[PDB]
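S.K.: Numbering (this note's numbering), first residue to last: 52 to 168. Think of the CB as a built atom: it goes at the ideal place given N, C-alpha and C, for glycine as much as any other residue.
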Amino acid sequence: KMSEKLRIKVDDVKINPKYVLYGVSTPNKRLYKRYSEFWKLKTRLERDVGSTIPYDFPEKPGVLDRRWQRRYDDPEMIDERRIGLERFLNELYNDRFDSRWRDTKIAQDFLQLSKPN
């Protein structure tokens, strides 16, 4: 048989003075996460799995630019920050021959996919 695609559609965003969360909808429910969490999850799998990730992720340098500062609560940046996440999940969760990407503890913990008791 073939792999099964996961239904992930992000259409929720709550801007907070501390950080901007994203309501990612899924077969389980809407999970609130941060973009900074997606990045730390990506590079991790690379060092945790030991393999190269074929997921597009454009990161911007942030040394100490005071003039080129950016607003984390900016709709312009939030708009794009929305997409790209759902896709990074479907492909990942769509394991076929190798699930090392999702087998990782970070992936299972990414959406709190632990074992409740």
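Return the CA-CA distance between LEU82 and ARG118, expressed in angstroms with no decimal places.
M.R.: Counting from one through the sequence shown, the residue named residue 82 turns up at place 31. Counting from one through the sequence shown, the residue named residue 118 turns up at place 67. Computed Cα separation, rounded: 34 Å.
S.K.: Do the region 60-70 and the region 147-158 meet, that is, are 3 or more Cβ pairs less than 8 Å apart?
M.R.: With a cut-off of 8 Å, the region 147-158 and the region 60-70 do not count as touching, because too few Cβ pairs lie within range.
S.K.: Which whole-angstrom value is the C-beta distance of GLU137 and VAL75, which I expect to be below 8 Å?
M.R.: As a working mapping, residue 137 is identified with position 86 in the sequence shown. As a working mapping, residue 75 is identified with position 24 in the sequence shown. Sure, about 7 Å apart at Cβ, within 8 Å.
S.K.: From the DSSP output, which residues share a beta bridge with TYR106?
M.R.: Your numbering for residue 106 matches position 55 in the sequence shown. Its beta-bridge partners do not exist; DSSP assigns none.
S.K.: Tell me which residues share the same chain as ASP107 and place their Cβ nearer than 8 Å to its Cβ, disregarding the 5 neighbours each side in the sequence.
M.R.: Working through the sequence shown from its first residue, we reach residue 107 at position 56. The answer, listed in chain order, is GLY135.
S.K.: Could you say if the region 119-127 and the region 99-106 meet the contact criterion of at least three C-beta pairs nearer than 8 Å?
M.R.: At 8 Å Cβ cutoff, the stretches do not touch.
S.K.: Please list, in chain order, all residues of the same chain as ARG85 whose beta carbon is under 8 Å from its beta carbon, the five residues on each side excluded.
M.R.: Looking up residue 85 in the sequence shown gives position 34. If we look at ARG85 and ignore the five residues flanking it on each side, its Cβ neighbours are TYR70, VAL71, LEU72, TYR73.
S.K.: On the CB-based measure, 16 or more other CB atoms within 10 Å of its CB, does residue 187 come out buried or exposed?
M.R.: No answer is possible for residue 187: it lies beyond the span of the chain, which begins at 52 and ends at 168.
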